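Read the single chain below, which is given as structure tokens and is the form deposited without its partner chain.
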């Protein structure tokens, strides 16, 4: 009943230590929220986009650590808004494994510093809302130490953002989220 996608920031601003955290967070979530009726998908982004595993591919090999271990950082710019648009349109595409009727959950992991992207959030959020894609934002790096980046997470996250935005090293975020998913 749940299709869960991850949009992970692979741009250059993302320090290697932090990209690893992103992969460790994603792997743990998959292992924790592993429900017989829950599929996972992941796309990495910078200026270019990469679907590491579709819902179908996960359904064919539900081994989190196996799917996440080969993932290498793309580097480059940060086209977050475009990435969100591609996720809803490409990941939650039934030709990719997405199931009609299932709840749509997107976990966006970034440092909150969109750059180079020709699209603004205001261009991709309405469509996400329209597709009923619930958004969780996990902030890595200095995402919370800047006024700009802090608001970027709030802008991406569903309402209320305070209930949808977590720090990557708040190891208690997965249980809060999981607790929340019982209230879809």
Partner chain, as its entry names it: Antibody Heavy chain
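Residue numbers count along the first chain shown, from 1.
Below, we refer to the form deposited with its partner chain bound, which is not included among the displayed structures.
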Contact flag, residue 31 vs its partner chain in the deposited bound form, heavy atom cut 4.5 Å: no
Just checking whether residue 57 would be counted as a contact of its partner chain in the deposited bound form - the rule being heavy atoms within 4.5 angstroms. no
Partner proximity in the deposited bound form: residue 99 to its partner chain, non-hydrogen atom cutoff 4.5 Å: no
Wondering, does residue 75 line up within 4.5 Å of its partner chain in the deposited bound form on heavy atoms? yes
So the Cα-Cα distance between residue 83 and residue 171 shifts by 3 Å or more in the deposited bound form; is it shorter or longer than what we see here? closer
Taking the shown form as reference, the Cα pair residue 177 and residue 102 shifts by 3 Å or more in the deposited bound form and sits farther
